[PDB]
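First up is the structure itself, then whatever we jot down about it.
Read the figures in this text as sums done on the coordinates, not as results from a lab. Heads up, the Cβs are rebuilt from the backbone with ideal geometry, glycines too, and the neighbour counts pull from every protein chain shown.
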Amino acid sequence: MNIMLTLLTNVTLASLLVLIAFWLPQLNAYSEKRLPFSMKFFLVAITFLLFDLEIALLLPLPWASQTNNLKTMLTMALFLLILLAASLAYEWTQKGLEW
Amino acid sequence: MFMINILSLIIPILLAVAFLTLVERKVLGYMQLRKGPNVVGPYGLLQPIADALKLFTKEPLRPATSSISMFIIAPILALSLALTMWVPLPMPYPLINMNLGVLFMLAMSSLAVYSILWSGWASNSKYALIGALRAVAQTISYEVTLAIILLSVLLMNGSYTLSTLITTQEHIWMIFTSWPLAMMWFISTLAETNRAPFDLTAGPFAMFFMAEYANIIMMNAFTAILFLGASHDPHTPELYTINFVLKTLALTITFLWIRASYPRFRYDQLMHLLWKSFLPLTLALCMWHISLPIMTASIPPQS
Amino acid sequence: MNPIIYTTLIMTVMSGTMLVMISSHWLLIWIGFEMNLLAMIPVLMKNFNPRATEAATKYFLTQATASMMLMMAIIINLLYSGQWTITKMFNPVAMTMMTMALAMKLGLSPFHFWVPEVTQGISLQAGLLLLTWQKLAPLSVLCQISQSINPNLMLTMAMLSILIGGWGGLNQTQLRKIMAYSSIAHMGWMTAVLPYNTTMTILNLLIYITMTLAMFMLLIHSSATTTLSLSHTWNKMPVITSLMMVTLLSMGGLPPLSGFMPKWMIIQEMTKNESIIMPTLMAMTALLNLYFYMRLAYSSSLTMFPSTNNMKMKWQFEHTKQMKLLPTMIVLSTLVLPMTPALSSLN
Amino acid sequence: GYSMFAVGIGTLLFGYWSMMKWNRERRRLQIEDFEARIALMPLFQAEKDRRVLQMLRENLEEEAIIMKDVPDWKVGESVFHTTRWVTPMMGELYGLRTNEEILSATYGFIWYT
Amino acid sequence: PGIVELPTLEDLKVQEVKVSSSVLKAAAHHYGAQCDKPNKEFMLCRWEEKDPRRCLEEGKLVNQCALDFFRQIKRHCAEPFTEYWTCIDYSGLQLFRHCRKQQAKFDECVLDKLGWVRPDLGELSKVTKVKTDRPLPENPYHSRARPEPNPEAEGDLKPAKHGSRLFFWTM
Amino acid sequence: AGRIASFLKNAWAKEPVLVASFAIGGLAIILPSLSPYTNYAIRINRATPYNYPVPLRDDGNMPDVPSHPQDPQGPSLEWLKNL
Amino acid sequence: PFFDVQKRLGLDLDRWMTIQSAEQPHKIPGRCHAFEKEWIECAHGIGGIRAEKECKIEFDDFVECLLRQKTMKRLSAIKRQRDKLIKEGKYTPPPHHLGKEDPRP
Amino acid sequence: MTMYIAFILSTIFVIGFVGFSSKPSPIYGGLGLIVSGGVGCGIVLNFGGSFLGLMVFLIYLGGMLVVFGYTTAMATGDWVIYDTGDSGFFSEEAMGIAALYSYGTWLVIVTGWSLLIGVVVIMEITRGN
Amino acid sequence: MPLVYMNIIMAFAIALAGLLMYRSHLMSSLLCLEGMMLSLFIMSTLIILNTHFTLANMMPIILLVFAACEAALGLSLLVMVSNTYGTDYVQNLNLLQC
Ligand SMILES: CCCCCCCCCCCCCCCCC[C@@H](O)O[C@H](CO[C@H](O)CCCCCCCCCCCCCCC)COP(=O)(O)OCC[N+](C)(C)C
Ligand SMILES: CCCCCCCCCCCCCCCCC[C@@H](O)O[C@H](CO[C@H](O)CCCCCCCCCCCCCCC)COP(=O)(O)OCC[N+](C)(C)C
Ligand SMILES: CCCCCCCC/C=C\CCCCCCCC(=O)O[C@H](COC(=O)CCCCCCC/C=C/CCCCCCCC)COP(=O)(O)OCCN
Ligand SMILES: CCCCCCCC/C=C\CCCCCCCC(=O)O[C@H](COC(=O)CCCCCCC/C=C/CCCCCCCC)COP(=O)(O)OCCN
């Protein structure tokens, strides 16, 4: 409830300020007188998406450290990070990071 | 007495980002062997008021041919995110105490690029669209490293709670435990907020400017809390508040100093810098920080 | 593509199918399907061209929709019974939706429209892999839950598949579309015996895989895509045309060739359950498959079509690359009727 | 060149040692707090059982009063074939209570920030 | 199917412990050390019976024992305990680390008066044994009778009679 | 031996970031299997009481199970205190 | 079809997540642990058909625990009748249900 | 009771799905998708799954729908199902999710391999030729 | 079965209908697929959290990951189509026919 009130207050204040800034100069009358589609941008977007997915996999590490299976958890975390590094390396060597 | 707290957290932030422009002009002027604004008011103190009044009384240059919907939506989202990204912060007691505060900050920072995307799309120009695309790509690329560094550092904290960061650094700053991660985090915050050397690019313009400067102050306060902890005495929080504010101001002055003291990167140069210098080191240091508590039997408590 | 990358993608496709077949969790089965779909796309796009891209995007759209439907069915089944193990579905709506998802994955009618176009756009090698290997995971999943599937839905979809394959095969001229419609009809035949005996389903799957592997390898050997390109083959390698005609006769269900073993056996099983009208209908429908196979045989081997002068130069050069297991595939798809009882091996 | 790397590594090692000691102390404090909670648990369990049973009894009394006119209603009829004790839902306890405590019970922990 | 049985409100009446959470946390260690036997009996009964309605007497016993413990504390060491729980109460997290000094004063006072030794680290979390005369419940799950298993017949394999017997195949 | 040293010297020039990253990653992979404190970390994790310890029913044949928390029987956390 | 590699090798690749009552972390119990345990023990080594026919009581209780349809129906009926009576005016709620009660710890 | 806040959020979710399901001007359908995703995250957070809701709000909105918008621009009744007891001194959702590394070794292996193969597949497809 | 689950399944059905309608703009088809995925995530999360099936909390995250990967794949294909035609209208994919 408190966070909902905070978000509503923030949005309301921002909207009110924007509209008053937009309408204060509007009271006074005045004169009132493609193809390229670069592939590199799409490639960097896709790379960001995939690395974001791997980061999502990596996120629960702070709570994963208390399991009594420290060897298995450590092996799995290092496996995930090694796969992330290997994906980056494959993208690097095959000229996937060129402008 | 909750709305009072929200207003007392919102209005001072806006005043701070109002006077940050004056402080930045003065600092750059004195670094460039001149004086900043010192005619309007005693020492330029009335300059932000004059700038705001001039901006709000100037006619807006609405394209009259674009999508007015997204054109008016984008500043709303930018300012709303900039203001709502302050509530988890403990100084020293957060306004809203959340278990997963850091993830909330990361999520809002990730959402921040929608304003850039929509402003570029609604600008109705191919050049503006290209600029927006470059800005979006840079922001997301650097936010990847932001997230990785954040989780790697929090591995020594115990959880995602922001308040616990005060307890972790009670005896020693986190700057000494991991300085390389801190330096890469500082550069990532510089590049995320579009600041030199990474700044390739009436009403809504002022809206965007306030959002950007509020993001600057937020990022610097977050870095101060995360890496430069202050002693917290429960019976007198004013000491912690003073220390935290001083560290935030020092980091902001460092931001202005860095802007004034360096040339700017190219787009491809900064993309290369990230993808080929920060990300490999970030992965290596994340592995090191995963393995370190198990090596030294110093796993943080909370779970 | 690089040979190492191609080998890795093929291993990933096989690993996804294996994960689907050897897993006892619905989530792991869905993961296996996703891995199969993810690695299968570049195999279609090995020879880059607009037709391959369009076929690949059609295949991706259909498979993604099927996977989403399958996941929704899994979610509903979990909701109405907190079980993840692949067993009795415990819900009618979940079973119906999962049946539609597996029909989309398999290609049974009326979800059959994508098969002819995807087969036509993509190459012969890609088509061969898609036609035989892809069927193994959905068929295994259907066999694992055959005790819960509604006989009405499966039987009507199988009948519609047989009818549609038989009718659509008559019109086509390109060989790849003929193979697509043949696959549709064979799967209509094969899924009709799922509620009764899954061993017959597996036996029909094995026989069909052998026959279509042999026919696709023969089509690759004599690089023919349209009917006339196949008619030109007799002037260079008559043995290939003769073997192809024998395999085509086998694929039509003519005894004593191997292709008669499944149909016959399948009919027998549906006669044990007092189902008489349907096997008769499917036999008279498979007569249409026989008809267009016979037309292809007339065009290819039993008559000598006009040749071309330049073909003389092709007389001097031999096939540099020989594909192993082609003679074995032909023999297994033509002369294994006398060993029919070996189906008791629960193959 | 060597001196800068040596200084950096020395700072890293000092920070690691200090954090090791502090984190071990935090582990000990956490164990102490958990032991205090463990010592306090049985009283809380007893009070919770008593409160749940009292709420169920009050709901049963109200059901007996209200359902008096419904013809085929059996007051306090279980919906499970087994006779084993089954933990009641939130609605089984706060079904007939006022709305504010319904909201408190269902949403207070989530909404408390 | 069936009628649930619930104890009358007179069966749930007991002298409640009317102290706040901080007061309970201040004396949690000594309460656990001294009042251990009724607490352990109640908790074992709760875990074995799997039914709140079969453990009312142990709940009343633990309430009474806690009241006796707090009455002793009030009689002997009221003021140091008051200071200690006030300090514990002030903090938001109610941390023991904040005011070890007041805790030391309270511990020494209660060791002087009642001779109580504060349990060390790793002692209140031990698993213990309880000697009780309550009979072990024979079927706490109220389960039915398990259905009879399949015959699972056995024997020596013999060759199939007349082979496969599949149509005309004689082998 | 000489070729490997020459290659490492070459990589340490004009590419120090990759060398540092690989060295740190290799150290993080290798070291935990050699450190003697990892078993201490496992024991510390095991010693944290998250759930209520349910007492066992006494039958007269449990000498290793203490009857009171103060009793000497049972696991002790003196090793943790000394750390 | 189903090549049971796990049971052949005893690997336990994916069997721990199949059911609610199988070794949860920190021994956190499922909401319907008891009912699922009862049904599983009823239907083990019996076969699909016999388990469906004979252990229907346990499965019905399990589904009732999972979805609580009958409990919702009963509570809705009670609430509707109480609303009708309070509309006619023959029923008044006690202080306990009006917030005027004496709360207990 | 808050006018069935779960029901209000579910209805707003359905309204957003209807709005973006008509597929008008794919950028506007995207905007409807962000609205629906925000409402769904609100539902999940209200239910009690804070980590999963924040997971949606971070991954889905920040990365995946952002990539969607990037590519587009480049071109032309309740409250009764709940529990009764407590979770102890931890959050059950966080423990279950963090059990991915100690229990779900198979899941981690297959997901990592799938992601690596996805990288390879994307490079192969976008290579061109 | 409460109204929340009914509304979620209704949302999934609406998204499926939108995907199958196919007016134009294959990007809209991908958006409909991802709306279906989001509905699946919400429903699975609610079901798993309601029953305290702790070990199943892994399932949504995993799901999301895989689904997002598919989305990426789909986008790639879309791009190629545009690079061959200049635009992503669905009616342009008519070279292959039954
Ligand atoms: C043309 C006809 C098809 C031919 C197919 C190719 C022939 C070559 C294949 C080489 C051997 C195949 C298998 C390799 C042996 C080891 C694998 C073995 O362990 O698998 C066993 C099983 O063995 C195979 O199933 C038998 C393979 C034999 C296939 C031939 C039967 C064809 C019948 C009609 C044609 C007669 C033969 C013609 C010449 C080959 C385990 O069975 P099980 O895990 O417990 O049950 C799983 C099935 N369920 C789930 C339905 C219950
Ligand atoms: C066995 C066959 C080997 C050859 C064939 C390989 C086929 C494909 C490769 C994938 C199969 C690998 C098998 C791994 C199965 C995981 C389960 C098993 O390993 O036990 C685990 C043991 O963990 C091991 O550390 C697994 C490490 C293996 C992962 C490292 C390398 C994996 C590479 C596999 C291919 C992936 C892509 C290629 C990478 C190079 C569980 O540990 P445990 O503590 O008892 O149980 C915890 C649960 N509790 C809490 C109930 C007790
Ligand atoms: C015994 C076990 C010990 C464990 C090992 C740990 C030790 C690790 C030792 C090495 C770690 C060092 C990592 C530091 C980060 C490296 C970044 C980097 O290398 O990038 C630079 C580039 O970095 C930059 O130039 C960025 C400049 C951006 C402007 C900022 C100027 C810096 C001045 C500001 C002060 C920084 C403040 C830091 C403290 C912040 C407080 C919170 C190199 O790029 P190039 O020159 O192009 O070379 C690559 C091609 N060969
Ligand atoms: C087994 C551990 C693995 C995990 C740890 C590392 C994780 C993350 C780090 C790796 C991320 C991806 C790396 C991708 C590698 C790509 C290599 C490459 O192609 O780069 C070459 C250049 O790189 C090389 O020279 C080859 C590799 C460099 C050295 C590799 C490691 C050397 C040995 C490491 C260990 C050192 C010895 C240990 C000493 C211990 C202390 C005494 C091309 O240069 P460009 O940048 O493209 O050109 C720009 C200028 N025109």
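Evaluating A:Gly96 against the criteria (1) part of a loop (DSSP other than H, G, I, E, B); (2) more than 7 Å from chain H (Cβ to nearest Cβ); (3) farther than 26 Å from B:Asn99 by Cβ leaves one unmet condition, (2).
Restricting the search to the stretch E:35-75, which residues are closer than 26 Å to D:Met55 by Cβ, of a type in the set (D, E, K, R) and touching a strand residue (DSSP E or B) at 6+ places or on another chain (Cβ under 8 Å)? Listed by number, the residues that qualify are E:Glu41, E:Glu48. The residues listed here are B:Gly158, B:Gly120, B:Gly131; of these, the one that is farther than 30 Å from H:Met74 by Cβ, touching a helix residue (DSSP H, G or I) at 6+ places or on another chain (Cβ under 9 Å) and more than 16 Å from ligand 3 (Cβ to nearest atom) is B:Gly158. The set of residues in the stretch I:35-55 being surrounded by fewer than 24 Cβ atoms within 10 Å (Cβ to Cβ), over 21 Å from H:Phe13 (Cα atoms) and more than 7 Å from chain H (Cβ to nearest Cβ) consists of I:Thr51 alone. Filtering the stretch G:77-105 to residues that are at positive phi and within 31 Å of the chain's Cα centre (by Cα) leaves only G:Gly99. Of all residues in the stretch A:54-83, exactly one satisfies the criterion of being closer than 23 Å to H:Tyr60 by Cα and among the aromatic types (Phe, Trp, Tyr), namely A:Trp63.
Per-residue answers, yes or no, for (1) surrounded by 16 or more Cβ atoms within 10 Å (Cβ to Cβ); (2) more than 11 Å from chain D (Cβ to nearest Cβ):
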| site | (1), (2) |
| --- | --- |
| E:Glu5 | no, no |
| E:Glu16 | no, no |
| E:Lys40 | yes, no |
| E:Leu44 | yes, no |
| E:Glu58 | yes, no |
| E:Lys74 | no, yes |
| E:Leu93 | no, no |
| E:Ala104 | no, yes |
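In the stretch B:1-40, which residue that is hydrophobic (A, V, I, L, M, F, W, C) and loosely packed, with under 12 Cβ neighbours inside 10 Å is nearest to B:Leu246 (Cα to Cα)? It comes out as B:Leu15. Residues in the stretch C:253-265 that are crowded, with 23+ Cβ neighbours inside 10 Å and touching a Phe, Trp or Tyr at 6+ places or on another chain (Cβ under 8 Å): C:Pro262 only. Every condition in (1) farther than 18 Å from A:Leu53 by Cβ; (2) out of contact with any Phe, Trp or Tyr (no Cβ under 6 Å at 6 or more places or on another chain); (3) of a type in the set (D, E, K, R) holds for B:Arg134 except the one numbered (2). Only one entry of A:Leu81, A:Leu57 meets the criterion of being more than 7 Å from chain H (Cβ to nearest Cβ) and away from ligand 1 (no atom under 16 Å from the Cβ), and that entry is A:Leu81.
Condition check ((1) within 22 Å of B:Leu155 (Cα to Cα); (2) surrounded by 20 or more Cβ atoms within 10 Å (Cβ to Cβ); (3) within 16 Å of ligand 1 (Cβ to nearest atom)) across all residues:
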residue	(1), (2), (3)
H:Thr72	no, yes, no
H:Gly85	no, no, no
H:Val108	yes, yes, no
H:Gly118	no, yes, no
H:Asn129	no, no, no
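Can you give me the number of residues within the stretch H:24-71 that are of a type in the set (S, T, N, Q) and within 10 Å of chain B (Cβ to nearest Cβ)?
Selection size over the stretch H:24-71: 2.
Condition test on H:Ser21, is it polar (S, T, N, Q) and out of contact with any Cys (no Cβ under 8 Å at 6 or more places or on another chain)? When the stated conditions are applied, H:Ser21 does not pass them. With the condition kept exactly as written, say whether any residue in the stretch H:64-78 is touching a helix residue (DSSP H, G or I) at 6+ places or on another chain (Cβ under 8 Å) and over 30 Å from I:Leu30 (Cα atoms). Taking every residue of the stretch H:64-78 in turn, at least one turns out to be touching a helix residue (DSSP H, G or I) at 6+ places or on another chain (Cβ under 8 Å) and over 30 Å from I:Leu30 (Cα atoms). Note on the stretch B:2-34: residues that are among the small types (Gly, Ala, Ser) and in contact with a helix residue (DSSP H, G or I) (Cβ under 9 Å, 6 or more places away or on another chain) total 2.
Hydrophobic (A, V, I, L, M, F, W, C), within 27 Å of B:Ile4 (Cα to Cα) and part of a helix (DSSP H, G or I): is that true of B:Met98 in this structure? Taking the combined requirement at face value, the residue does not satisfy it. The single condition among (1) assigned to a helix (DSSP H, G or I); (2) surrounded by 12 or more Cβ atoms within 10 Å (Cβ to Cβ) that C:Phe305 does not meet is (1).
Just to be sure I understand, how many residues within the stretch B:130-156 are farther than 30 Å from A:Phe37 by Cβ and facing chain A (nearest Cβ under 7 Å)?
Within the stretch B:130-156, residues that are farther than 30 Å from A:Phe37 by Cβ and facing chain A (nearest Cβ under 7 Å) number 4.
Listed conditions (1) surrounded by 19 or more Cβ atoms within 10 Å (Cβ to Cβ); (2) within 24 Å of F:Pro16 (Cα to Cα); (3) more than 10 Å from ligand 3 (Cβ to nearest atom) are all met by B:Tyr267, apart from (1).
For every residue, the table says whether it meets (1) within 7 Å of chain I (Cβ to nearest Cβ); (2) closer than 25 Å to G:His33 by Cα; (3) surrounded by fewer than 20 Cβ atoms within 10 Å (Cβ to Cβ).
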| residue | (1), (2), (3) |
| --- | --- |
| C:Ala55 | yes, no, no |
| C:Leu78 | yes, yes, no |
| C:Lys88 | no, yes, yes |
| C:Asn91 | no, yes, yes |
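Is it fair to say B:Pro180 is more than 16 Å from ligand 1 (Cβ to nearest atom) and in a helix (DSSP H, G or I)? Yes.
Against the condition surrounded by fewer than 23 Cβ atoms within 10 Å (Cβ to Cβ) and facing another protein chain (nearest Cβ under 7 Å), how does I:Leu96 come out, does it pass? Before you say what the answer is, go through the steps one by one.
Numbers: surrounded by fewer than 23 Cβ atoms within 10 Å (Cβ to Cβ): yes; facing another protein chain (nearest Cβ under 7 Å): yes.
Answer is yes for this residue.
Considering the conditions (1) within 14 Å of chain E (Cβ to nearest Cβ); (2) closer than 19 Å to A:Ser65 by Cα; (3) not β-branched (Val, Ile, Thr), F:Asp64 is excluded by exactly one of them, (2). The requirement of being closer than 30 Å to C:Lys88 by Cβ and assigned to a helix (DSSP H, G or I) is fulfilled nowhere in the stretch C:226-247; no residue meets it. Where helices (runs of 4 or more DSSP H) fall wholly inside the stretch B:189-303, the ranges with 2 or more residues that are more than 19 Å from the chain's Cα centre (by Cα) and of a type in the set (A, V, I, L, M, F, W, C) are B:237-261, B:267-273, B:279-296. Looking only at residues in the stretch B:156-177 that are of a type outside the set (A, V, I, L, M, F, W, C) and assigned to a helix (DSSP H, G or I), the one that is surrounded by the fewest Cβ atoms within 10 Å (Cβ to Cβ) is B:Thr164. Taken over the stretch F:28-55, the residue count meeting the criterion of being under 30 Å from F:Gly74 (Cβ atoms), within 16 Å of ligand 3 (Cβ to nearest atom) and exposed (fewer than 14 other Cβ atoms within 10 Å of the Cβ) is 0. Taking the criterion of being out of contact with any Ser or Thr (no Cβ under 8 Å at 6 or more places or on another chain), among the aliphatic types (A, V, I, L, M) and surrounded by 10 or more Cβ atoms within 10 Å (Cβ to Cβ), the residues of the stretch F:1-27 that qualify are F:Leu8, F:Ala11, F:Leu18, F:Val19, F:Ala20, F:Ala23, F:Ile24, F:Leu27. Given the criteria small (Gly, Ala, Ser), closer than 18 Å to D:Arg51 by Cβ and within 8 Å of chain D (Cβ to nearest Cβ), does E:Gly32 qualify? Considered against the rule, which asks whether it is small (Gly, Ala, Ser), closer than 18 Å to D:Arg51 by Cβ and within 8 Å of chain D (Cβ to nearest Cβ), E:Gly32 comes out as no.
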